[PDB]
There are 2 protein chains.
Amino acid sequence: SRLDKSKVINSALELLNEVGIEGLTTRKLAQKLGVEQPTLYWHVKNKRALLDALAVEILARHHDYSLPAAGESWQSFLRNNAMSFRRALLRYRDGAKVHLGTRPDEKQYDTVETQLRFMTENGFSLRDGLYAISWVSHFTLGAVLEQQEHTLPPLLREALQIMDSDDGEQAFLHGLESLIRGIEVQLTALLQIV
Amino acid sequence: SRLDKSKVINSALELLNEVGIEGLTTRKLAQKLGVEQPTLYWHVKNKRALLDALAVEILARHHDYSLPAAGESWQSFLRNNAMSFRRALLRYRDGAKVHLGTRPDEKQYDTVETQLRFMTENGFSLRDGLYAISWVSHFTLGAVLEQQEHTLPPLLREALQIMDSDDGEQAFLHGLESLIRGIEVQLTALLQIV
Ligand SMILES: [Cl-]
Ligand SMILES: [Cl-]
């Protein structure tokens, strides 16, 4: 049963959705592919290897806003990128955990390099351009991991009603906007005292 | 060998540091406590139960800045709280993952209720006071999970030198300051167009 790299990964992504990050094993993947374990091992040595491949493909398939447009503002870049990252992570079960668990890839540095060039051309130091992107990343990952994880007193109750209703999109977008404005302030200040 | 709730949890925290969140099992905890598995089961029914207990204790022991001081500014509250949360999570291996994986506790709502009362007294709606605290939380969790997880092109290189050197404290504190300023802007705007 076809053991092309593409086909292994695809069967693995399907499996990820059935069983989650814990449950997913090479033993279960071979059963799925209709193939003996030593035959799969020839192709995929371990779970670590499999997960790395998965982490790269999820972004390859869904993370479509990774490079800025022509003449785009840094603010809009960071907003579109984070929106894109977020939906790429929400696409598969435990998707955020798959991303957390893997060292970055030899395309992810090339794309991040254009991203960081873009930031330095817009007034960001380099450490600062790196930080700004890290922070948006951290914020988005944290927001997704709590959304993907989770399926008394009066005030907590009373503000619940937007905890449910919306999936987390409004809360996420409000906070992303807050974070980008804060990074603006620091940037434009240069520094007089801010 | 003493099976007090306190003593079980403490042995579990030690074990958490040895084996991490995956490795930790009830079977391994019983071996540690010098006790047969059915004897442990009387006290702790499953891993889910154990992890819940651990998640609450880590914050009970280390999260010391969970309530504002007398006359404290909302900004300073959010900054001290997040600093405190962060160090509480960095204290045990996979500490951030233990927190992610558990529904909140019947003290965590009472303390969050005072926190949210505090925010509404400082001009925050309620949904907004809740969001502000959620976002700081998300940012801190994301920052910690990437620090606890992780133990080519020219610009990426050249800004690495503060990736190492510091542990993540400077980056974290710069971004927390950015995020709080952004939340200020939105708050003080009320809204004229911001
Ligand atoms: Cl075939
Ligand atoms: Cl004893």
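Note that the numbers count up from 1, one per residue, in the order the chain is shown.
This entry, so its header tells us, was determined using X-ray crystallography, 2.2 Å.
Backbone N, Cα and C atoms are what each Cβ position is placed from, and that goes for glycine too.
Features reported for this protein in Swiss-Prot:
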BINDING   A:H63, A:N81  tetracycline binding site
BINDING   A:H99  Mg(2+) binding site
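Annotated features taken from Swiss-Prot, shown on the structure.
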residue	record	contacts (Cβ under 8 Å, 6+ apart)
A:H63	tetracycline binding site	A:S84, A:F85, A:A88
A:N81	tetracycline binding site	A:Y65, A:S66, A:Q115, A:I133, A:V136
A:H99	Mg(2+) binding site	A:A55, A:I58, A:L59, A:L89, A:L141
Cα-to-Cα distance of termini bounding the 13-residue gap, A:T151 and A:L152, in Å: 20
DSSP three-state assignment for A:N81 (tetracycline binding site): helix
A:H63 (tetracycline binding site) in three-state DSSP notation: coil
